[PDB]
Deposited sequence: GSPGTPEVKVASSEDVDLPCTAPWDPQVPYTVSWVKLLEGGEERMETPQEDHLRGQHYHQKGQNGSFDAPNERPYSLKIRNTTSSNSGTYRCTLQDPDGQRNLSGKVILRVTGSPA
C-alpha cells in the first residue's frame, strides 16, 4: 500500500530505484536490504533476475555527518521465464 512496484522479466537485469526523498547537493552513502520478515542515483543493481529475487526492498541513505538517514521502500516482482 503506497509502495511503488517494479516488474521485470526473468533473466533480465534491473536497477531498483531508491525511493527515499533525498536532498540535492548532499553526498549520501547508500545501503540496501531485502525485507523478509542507469542514471538514477543510489539504485540497486540486480543482475540476471530470478523468481526468488521478488520481494520488498528498503534503501537507506546516510548523511556524511552520520547524524541523519532517510529510508524508502520498493517492491520487485520478477516474471516471464
item: Deposited-sequence ranges lacking C-alpha coordinates, in sequence order; value: 1-2, 40-70, 115-116
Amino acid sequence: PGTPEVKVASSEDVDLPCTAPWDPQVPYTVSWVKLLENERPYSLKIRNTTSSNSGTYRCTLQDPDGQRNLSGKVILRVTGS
From here on, numbers count along this sequence of modelled residues.
{"query": "Selected stretch [higher average CA B-factor]: 17-25 or 61-69", "finding": "61-69"}
{"query": "Which of 28-36 and 43-51 has higher mean CA B factor, as the PDB entry lists it", "finding": "43-51"}
